[PDB]
Structure formats: C-alpha cells, structure tokens
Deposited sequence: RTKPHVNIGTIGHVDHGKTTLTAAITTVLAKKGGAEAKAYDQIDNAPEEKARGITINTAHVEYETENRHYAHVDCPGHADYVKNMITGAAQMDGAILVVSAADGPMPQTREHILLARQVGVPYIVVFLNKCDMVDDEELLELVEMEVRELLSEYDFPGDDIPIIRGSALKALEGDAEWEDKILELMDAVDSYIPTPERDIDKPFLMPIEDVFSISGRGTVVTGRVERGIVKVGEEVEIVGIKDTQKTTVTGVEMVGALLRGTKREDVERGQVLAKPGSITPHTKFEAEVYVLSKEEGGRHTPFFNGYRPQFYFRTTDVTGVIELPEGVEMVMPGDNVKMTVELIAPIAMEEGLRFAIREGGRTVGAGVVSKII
C-alpha cells in the first residue's frame, strides 16, 4: 500500500507556468484517483513557513508507483530561500521553461542553485507549447536547455524533456493532459528513489550534557539520520579533538556515553558513526542575505565580515570572503562565499546553517564545498 516517497518541486523563471503545472498535475491525477485536485489560486497564494519567512505551497499526489511531496513557491525570492534553507528539500526538480520565451536567467539561477544546494536530478517540462507552432524553434529552445543544464553538471543529453501545455491540460483538453501523464512517467523512471535517512551514517547533534549519579554522562539530542544501538562505539566530532566513546544506552533521545566525562563534551559537536563525518573550518557556501523588510540587515555584507554561523546547535564565528569582483552584497540578494571559522565543525556538503550577528539572523546558507 504505502509507496516509495519522493520530494519534488517546480523550479523555473517567473510566469513560465510553475503554479499552473502544479495545479495540472493534481487535477489530472485526481482522475486516476491518485490525488486531490488543487486549484490554481490555492497553490499561487502559498502559505508561510519558517528564522526566515518562506511562501511555499505543498501538494501531494501519487502515481501508481510512488507518492510525491510537491513544493511550489510564488516568487523568485522564495525559491532561493527554500532551496537554501532546505525548508522542503528535494530529491528532484521539475524545471518549467516557457516555449515562447525560452531559458531566462532565473532558469539559469535555479539550475545553478539546484546543483549547488544538492538537488540531484532534473526533469524538464517545456511549457506553453500551445502558443508555439514552429518546430525548429522548439528544437533550438530544447538545445539551449540541455546545454544550460550541462553547464552546471546535469546530464543535459539524458534529461527527459516533455513538451506540454499546463493550462490547456488544466482546462481539461485530453490530448494535452496526456503530456502531464508523460511527465509523471518520466519522473517515475528517471528520478531514482531516495536513500533513507536511516540507511545513512548515524549523526546526532549534541544539545545538553548532564551527569546523573548512576548513569554517568548523558548527552541529549535529535538523531539527524542513521541509527544507534546499545554498546556501539561512536565518535564525538567538532570544536575539540575527535574522541571515541561507547553508547551504554538510549533512554529517550538521551545517549549515555560510557567513558566520557562531562567537561570533555559540549553543545555544538555531534555523535557520529566513526569515520563518517569530519571536522573542518574552511568551506564554500551558497548564502541568502535577508532583506531589510525581513528584519535582517540594512547594510551590505562585505569581505572580512565576521558574523556567527549557527551549525545545528551553536554559534561559531567565521570570516567571510565574497566572489572575485564582489565587495558588497545587498540585503535580499544571495551569493556564494568562502568562510573560515574560528573552530572546526562536523561539516558535510548540504549542511544548513544560519548567519547571525548577536541575536539576529542576517543570512542563511548551505555548505556546498569542503576545503
């Protein structure tokens, strides 16, 4: 009964048909009993998720094979923040491109950002083909998309591209609805089933550290991923030198560490399966800077800026370095930056983090490269 799960969403330039396509998928699959149909205005007027406000619409649907959690956002800003903060992280993305307009810079930005934040697969719905009649023009637009995808390491020659009309399929023209079913067919067969968080190496951020007579040292947290059992040896990674310990028991999630004293463990470091995650100070990251109206910051970022980077449980100060030719980053903009932290942190590609000054959040980011 329960089907494999896949997180997806519609990326692309504004007004190329992201929200219409989302409505068309649910409306068409409702005819196969695979979804509850959602209207265009439900998805367009998206709810708010959150220390950063993001407008994200959530629809659900099923093919006969899989269950999809689908994410759609109103504006470009929401897509930058959703893909960075990982509010609803995706194992694949449906790239919507207008056949009349062709690829635009937000198409470029969403592909670059999708590659940098860890979106592993891409399917292309070439939309609004009811407005175009020249087939040579469609062939060229498709070539531009494939080359644009290859420019950012996606397999442009292998990625499925379906020409369709989200609107005409929404209004119920059966021949256009078939291109929706071919999109989902392409999604079922091209986007692989994600690995389970519990198949991955074990990882638990440390929040508190107690010492109760009769239980030694207790460490509390939330298992990010993986699984830990009784008597397993785990490493403590981040901030200090890495050290080993055995898990006496899990009490619920308080982990009793067999032979670690209380001052040898602190908030900020993580429990991990030995040799699975390592400490680092230097990394590159895709960062979004909060705009003025978001309570972020009314002055720009700059090279040498030294804010705190909140990784999982604690703040860690670090110095900022912006791309070549960039000196200031305005509020509301995003950028890729190099960061050198004061102290090492258990770090991996895809780790989210907030950027704060004192108490306030001025940015958000994803680790995209380790150094």
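- Coordinate coverage of the deposited sequence breaks once, at 51 to 52, a segment carrying no C-alpha atoms.
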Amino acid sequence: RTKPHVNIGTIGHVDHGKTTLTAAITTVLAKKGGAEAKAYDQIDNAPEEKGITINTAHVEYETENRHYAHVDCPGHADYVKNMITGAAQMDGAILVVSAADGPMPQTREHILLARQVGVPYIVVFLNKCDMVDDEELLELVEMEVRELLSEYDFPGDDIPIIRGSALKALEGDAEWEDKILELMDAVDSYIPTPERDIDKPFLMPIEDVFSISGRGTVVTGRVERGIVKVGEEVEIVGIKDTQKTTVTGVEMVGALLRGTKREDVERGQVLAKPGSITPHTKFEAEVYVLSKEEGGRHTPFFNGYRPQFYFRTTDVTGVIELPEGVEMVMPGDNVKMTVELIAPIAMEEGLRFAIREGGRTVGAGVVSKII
From here on, numbers count along this sequence of modelled residues.
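- Judged by mean Cα B factor in the deposited record, 253 to 261 ranks above the other of 92 to 100 and 253 to 261.
- Here the stretch with the larger average CA B-factor, out of 287 to 295 and 150 to 158, is 287 to 295.
- Per the PDB entry, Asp44 shows the highest C-alpha temperature factor of the residues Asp315, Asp44, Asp333, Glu340.
- Sorting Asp130, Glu175, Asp72, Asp188 by the CA temperature factor given in the entry leaves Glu175 at the top.
- Remark: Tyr68 belongs to the lowest third of its chain, ranked by C-alpha B-factor as recorded.
- In this PDB entry, the Cα temperature factor of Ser165 sits in the bottom third of its chain's modelled residues, the lowest group.
- Among the modelled residues of the chain, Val228 sits in the highest third by CA temperature factor in this PDB entry.
- Looking at the C-alpha B-factors along this chain, the one for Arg356 belongs to the middle third.
- Among the modelled residues of its chain, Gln269 has a C-alpha B-factor that falls in the lowest third according to the deposited record.
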